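A quick write-up on the structure given underneath.
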Amino acid sequence: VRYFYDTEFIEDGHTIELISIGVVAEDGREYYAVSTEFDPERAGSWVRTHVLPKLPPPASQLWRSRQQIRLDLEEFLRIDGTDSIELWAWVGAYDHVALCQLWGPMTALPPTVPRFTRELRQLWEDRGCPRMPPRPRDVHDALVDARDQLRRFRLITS
Amino acid sequence: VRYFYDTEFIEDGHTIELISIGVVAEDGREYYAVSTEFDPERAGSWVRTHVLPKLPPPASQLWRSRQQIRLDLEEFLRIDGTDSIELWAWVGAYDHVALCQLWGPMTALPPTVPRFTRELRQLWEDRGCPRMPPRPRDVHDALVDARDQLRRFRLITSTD
Ligand SMILES: [Mg+2]
Ligand SMILES: [Mg+2]
Ligand SMILES: [Mg+2]
Ligand SMILES: [Mg+2]
Ligand SMILES: [Mg+2]
Ligand SMILES: [Mg+2]
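Below, the structure written as structure tokens:
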């Protein structure tokens, strides 16, 4: 059913160029990939310092084409499966677009992928803002960040 | 405090070209504009059928530049005032990007505009999925869309 995710990307007010994606299923499965298709030269200051250095070394199989990431996610999210898929992220409007654009325009999103991502911050605030683990060491690694989202959600719903 | 909004747009897997935006405040105030800058030619069948027909005539003052719409919104959302700005939309991920892209990069969004839009669909499900009035036939007009969201938010929360 539930997947927690995060993306890193280069966004210029016009497009969102996907750097990486981390997704963690409530059942414990984890997916992380980094795109071979974004242009590192086009990254602004904040990304160069905080995002770029934390990426896998160049020879890692974690590096995948946009097409591989799409096919990886269709398998990882079980899009042909029994269960209803429910996507979650923390302040994920841009993340939601970044994920969806792996498929193309919204019309080309697979029929079982939700057309919205639930907002963890919204749930957090609606439960009166309960005390959370402080920020992990490596924030801006999308998988670490996606992990911490699931941790947060479990706390709030315990 | 709370604003409810909707955007209409041409989205192609690459960009989100803003057509119109409708915003309604909890205090009764309303804003609506249509961008002079999208290219009607690029629109798909759906946007040709359901969106373009509801737009104001060419002479309407509702047609504005993207620059004018930014300035209008900075005023309307009371960006320099002391209330916390809360934004709400129904299934608003692309809407949130469309709105925020009026300021360019996320970098450049006024500090006082929140970095996320609250998701009215999520709220609905949370409180038990209570039965809602039907959507207006007028929907697909971003202002009508935004008013209706405000109405749904009122009904969903009416015993909170
Ligand atoms: Mg992100
Ligand atoms: Mg590819
Ligand atoms: Mg996020
Ligand atoms: Mg909309
Ligand atoms: Mg539209
Ligand atoms: Mg809306």
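Listed in order, the protein sequences are those of chains B and A.
Read in the authors' numbering, the first sequence has 59 at position 59, and its numbers run on one by one without any break.
Read in the authors' numbering, the second sequence has 69 at position 69, and its numbers run on one by one without any break.
From the three backbone atoms N, C-alpha and C, an ideal C-beta is built for every residue, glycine too.
Item	Value
3-residue-minimum beta strand (DSSP E) runs that sit fully inside the stretch 6-58 of chain B, ordered along the chain	16-25 and 30-35
Buried versus exposed, by CB contacts within 10 Å (16 or more), residue 79 (chain A)	exposed
Distance cut-off 8 Å: residue 137 (chain B) Cβ against heavy atoms of ligand 2	no
Assigned secondary structure, residue 116 (chain B) (DSSP; H/G/I helix, E/B strand, else coil)	coil
Cβ shell of residue 130 (chain A) (< 8 Å), same chain only, five flanking positions each side left out	124, 155 and 156
Beta-carbon neighbours of residue 13 (chain B), restricted to chain A and to distances below 8 Å	101, 103, 104, 105 and 108
Residues near residue 161 (chain A) in its chain [Cβ-Cβ closer than 6 Å; skip 5 each side]	Since the first residue shown for chain A is 1 and the last is 160, residue 161 (chain A) is missing from the structure and cannot be characterised.
Segment contact flag, the stretch 10-17 of chain A with the stretch 96-114 of chain B, C-beta cutoff 8 Å, min 3 pairs	yes
Span separating the alpha-carbon of residue 89 (chain A) from that of residue 43 (chain B)	30 Å
Chain B contact residues for residue 159 (chain A), given Cβ-Cβ distances below 8 Å	The contacting residues do not exist; residue 159 (chain A) stays about 15 Å from chain B at best.
Closer than 8 Å at the beta carbon, the chain B residues around residue 122 (chain A)	116, 118, 119, 122 and 123
Short-range partners of chain B found in the stretch 47-70 of chain A, where Cβ spacing is below 8 Å	none
Simplified DSSP state of residue 88 (chain B), which is helix, strand or coil	strand
Nearest-angstrom Cα separation, counted from residue 7 (chain A) out to residue 98 (chain A)	7 Å
Cross-chain neighbours of residue 140 (chain B) in chain A, by beta carbon under 9 Å	Within 9 Å Cβ-Cβ: nothing; residue 140 (chain B) doesn't reach chain A, min ~14 Å.
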